[PDB]
Ligand SMILES: Nc1ncnc2c1ncn2[C@@H]1O[C@H](CSCC[C@H](N)C(=O)O)[C@@H](O)[C@H]1O
Ligand SMILES: [Pt+2]
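Protein chains in written order, with PDB author numbering: chain B, 1 to 265; chain A, 1 to 265.
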C-alpha cells in the first residue's frame with residue numbers, strides 16, 4: 001500500500017542517504033529510472049549490491065506513460081521503491097506521479113537526496129542569487145533551440161546567476177560538455193547579438209559534483225572554451241555581477257583569474 | 001591532514017548520505033554547528049550514536065571568528081569533520097571557511113546532503129521556475145528589514161516563484177513560522193503598497209521537509225495566516241504564474257482551493 005520516491009544522489013552509490021538505503025532495503029520491489037540523468041560515478045550493479053535487491057530499470061515510456069501499469073499495481077499490495085538520480089521531484093514531470101499514485105489508492109512518501117540544484121553551492125556562488133534555470137539542448141535538423149539564451153539575459157540583467165543543465169541522451173550515454181555548451185552559446189550570441197555571451201563572459205564549470213574530487217573551474221570563455229574538465233556530467237553556470245566574497249572563492253578555490261576581482265564585481 | 005564539510009540533511013540524522021556517514025565514522029575529530037538551520041527530527045545524541053564519535057558543537061562565534069583557531073589546527077594532524085544541517089554551502093557563509101582552510105595548508109572536501117533549496121520540488125512547483133531567493137528577517141529594535149519584499153515583486157513580474165527562507169535565532173531557540181512571515185509581509189505591503197502581498201495572494205507552505213510526513217499546504221494568505229502547520233522549520237513560498245500541472249499538484253497534494261485549477265494564460 002506504499003510507494004517510496006527515493007533519490008540516489010549526485011555521483012555514486014554512496015550518495016544515497018542512510019534513510020533512503022534502509023527504506024529501499026525493506027521494500028519488496030525496487031524500480032529505478034536513468035533517463036532524466038545518469039549516475040556516472042557508479043553502475044547499476046554496484047547500486048544493486050549496496051541495496052541488496054533486484055533493481056528493475058524503467059525507460060522514459062515506462063514512467064511517463066505506463067507508470068500506473070508497472071509500478072502502482074505492486075505498490076497496491078506491497079512496499080515499492082522508485083529510485084531516481086538526485087532529489088526526487090526535481091525532474092519536471094515526476095511530481096505528477098504522486099497524483100497518479102493517489103488516484104490508484106496508493107500512498108506515497110518522498111525521501112530526499114542531494115540535487116545539483118543545491119550542490120552548485122560548492123562553486124562559492126550564493127544560492128539566493130540564482131534565478132531562473134534552463135537547459136542547453138543540442139540543435140538537430142532544422143531545429144535550433146535558444147530560449148536558454150534569453151534566460152541568461154534576464155537573470156544577469158537583474159544581477160542573478162544562471163544555472164544551465166547540459167543536454168543528455170541517457171539511453172545513448174552521451175553527455176554534452178561545458179565546451180560544447182560554450183560553443184552553442186557563442187553560436188547563439190552571433191545570431192542574436194544581445195551581448196549576453198562572448199569570449200569575455202565569465203563562467204563557472206562544475207564537473208562530477210558529489211565526488212570527493214569535483215572539477216571546479218572559473219574563467220573567461222575565451223580561456224576555458226577548449227579546457228579539459230574531465231568526465232561527465234558537466235554543469236555550466238553564467239554568473240551575474242559577483243559579490244566580492246563570491247569572486248574571492250572562485251579565485252582561491254576555482255582557480256579564477258585575479259582579473260575577476262575588478263572586472264566582475 | 002584533511003577537513004571534511006559534511007551535510008547532515010533536512011530532518012533527522014538519517015538524512016546524511018552514506019558517503020557522508022562512512023567518512024565521518026573514520027574521522028579523528030568531529031565538529032558541528034546547529035545555528036544555520038533546524039533539524040527537528042533528532043538530537044545531537046542520536047547523531048553521535050550513529051557516527052560513533054563525540055561531537056563538539058560550535059556556536060556562530062566559535063565558527064565565524066575562531067574556526068581557524070578551534071578546528072583547522074587539528075586538521076593539520078588528523079582527519080577532521082565539520083557537520084552542518086542541510087547542505088553545508090547552502091544559505092550559509094561556510095564557503096569562505098574553505099579559504100581559511102587553504103590559507104592554513106589544509107585541503108578541504110565537501111560532502112553534500114539534502115537541502116531545503118532542492119526539496120521544494122515536493123511542493124509540485126517546477127524547480128526551474130524559481131527565481132531569486134530571499135530571507136524574511138526578524139525586525140529588531142527600530143530596524144525593519146523589507147528587501148525580501150522587492151525580491152517577490154521582481155520574481156512575480158517574470159512569472160517566477162519565490163523561495164523564502166525564514167529567520168532563525170538558534171541561541172534564543174526562535175524559529176520563525178510561516179504565519180509570522182505572512183504577518184510581516186502584510187505589514188510591508190501597507191508601507192510599500194506595491195500590491196505584491198495581500199490577503200488574496202496564493203502562498204505555499206512546506207514544514208519539516210525531510211520527514212516522512214511534512215506539512216504541505218497551499219492557499220490564500222487570508223486563509224493560511226492563522227493555520228497551524230506544525231513545528232518548525234518552516235519555509236514560505238510565493239508562487240509565480242502557475243502552470244496547469246503545478247496547480248493540479250497543489251490541489252491534489254497540498255489541499256489548495258480547486259479554483260486555482262483554472263489558469264489565466
Ligand atoms: N526541513 C525543513 N523544512 C522546512 N523548512 C526548512 C527545513 N530546513 C530548513 N528550512 C528553511 O531553511 C532555513 C535555513 S537556511 C540553511 C538550510 C540548509 N543550508 C539547507 O540546505 O537546507 C530555515 O530557517 C527554514 O526557513
Ligand atoms: Pt555576498
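Beta carbons are placed, not taken as given, at the ideal position from N, Cα and C, and that holds for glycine.
What residues does ligand 2 have around it, judged by CB closer than 7 angstroms to any heavy atom, in chain order? 126(B), 243(B), 245(B), 246(B)
Can at least three beta-carbon pairs, one atom from the stretch 71-78 of chain B and one from the stretch 104-111 of chain A, be found at a separation below 8 angstroms? no
Sorted by chain position, which residues of the same chain lie with C-beta nearer than 6 angstroms to residue 91(A)'s C-beta, five sequence neighbours on each side aside? 165
Any beta carbon of chain A sitting closer than 7 angstroms to that of residue 9(B)? yes
Any beta carbon from chain B within less than 7 angstroms of residue 175(A)'s own beta carbon? no
Go through the stretch 57-138 of chain B residue by residue and report every complete run of the alpha helix (DSSP H) that reaches 4 residues or more, in order. 60-64, 67-70, 72-77, 97-103, 116-119
Which residues of the stretch 236-253 of chain A have a Cβ closer than 7 angstroms to any Cβ of chain B? Give them in chain order. 245, 248, 249, 252, 253
Of all Cβ atoms in chain A, is any one closer than 7 angstroms to the Cβ of residue 109(B)? yes
Compare the C-beta of residue 138(A) with all C-beta atoms of chain B and state if any pair is closer than 7 angstroms. no
Classify residue 45(B): buried if its beta carbon has 16 or more other beta carbons within 10 angstroms, exposed otherwise. exposed
Does DSSP put residue 147(B) in a helix, a strand or coil? helix
By the 7 angstroms beta-carbon criterion, what residues does the stretch 109-125 of chain B contribute toward chain A? 109, 110, 112, 113, 114, 115, 117, 118, 119, 121, 122, 124
Check whether the stretch 225-240 of chain B touches the stretch 190-208 of chain B, taking contact to mean three or more Cβ pairs, one atom from each stretch, closer than 8 angstroms. yes
Quick one: is residue 14(A) buried, meaning 16 or more other Cβ sit within 10 Å of its Cβ, or exposed? buried
In the structure shown, what three-state DSSP assignment does residue 261(B) receive? helix
Between 55(B), 12(B), 39(B), which lies nearest to residue 24(B) when the distance is taken from Cα to Cα? 55(B)
Please state if the CB of residue 10(B) and the CB of residue 119(B) are separated by a distance shorter than 7 angstroms. yes
Beta carbon of residue 194(B), beta carbon of residue 222(B): below 7 angstroms? no
Among 159(B), 208(B), 145(B), which has the Cα closest to the Cα of residue 189(B)? 145(B)
Using a beta-carbon distance cut-off of less than 9 angstroms, what residues from the stretch 17-29 of chain A approach chain B? 17, 18, 19, 20, 21, 22, 23
Label residue 174(A) either buried or exposed according to how many other C-beta atoms from any shown protein chain fall within 10 Å of its C-beta, with 16 as the threshold for buried. exposed
Give the residues of chain B in contact with residue 96(A), contact being defined as C-beta atoms less than 9 angstroms apart. 124, 245, 248, 249
Touching or not, the stretch 131-139 of chain B and the stretch 155-165 of chain B, by the rule of three or more beta carbon pairs under 8 angstroms? yes
Determine the extent of the alpha helix (DSSP H) in which residue 240(A) is found, giving its start and end residues. That residue, residue 240(A), is in no alpha helix (DSSP H); it is neither H nor E in DSSP.
Taking only beta-carbon atoms, is residue 51(A) less than 7 angstroms away from chain B? no
Whose C-beta lies closer than 8 angstroms to the C-beta of residue 177(A) among residues of the same chain, with five residues either side of it excluded? 166, 229, 232, 234
Per DSSP, the bridge partner or partners of residue 11(B): Bridge partners of residue 11(B): none, in fact.
Could you pull out every unbroken beta strand (DSSP E) segment of at least 3 residues lying fully inside the stretch 158-184 of chain A, listed in chain order? 162-166
In whole angstroms, give me the CA-to-CA distance for residue 227(B) and residue 96(A). 26 angstroms
Give a single yes or no on whether residue 166(A) has its beta carbon closer than 6 angstroms to a heavy atom of ligand 1. yes
Select from 149(B), 41(B), 35(B), 241(B) the residue whose C-alpha is nearest the C-alpha of residue 171(B). 35(B)
Please tell me whether, using a cut-off of 6 angstroms, the distance from the CB of residue 100(B) to the nearest non-hydrogen atom of ligand 1 is below it. no
Pick out whichever of 103(B), 183(B), 212(B), 249(B) has its Cα sitting closest to the Cα of residue 4(A). 212(B)
Taking buried to mean at least 16 other C-beta atoms within 10 Å of its own C-beta, is residue 258(A) buried or exposed? exposed
Mind checking residue 115(B): buried by the 16 CB within 10 Å criterion, or exposed? buried
Nearer than 6 angstroms: is that true of the beta carbon of residue 85(B) relative to any heavy atom of ligand 1? no
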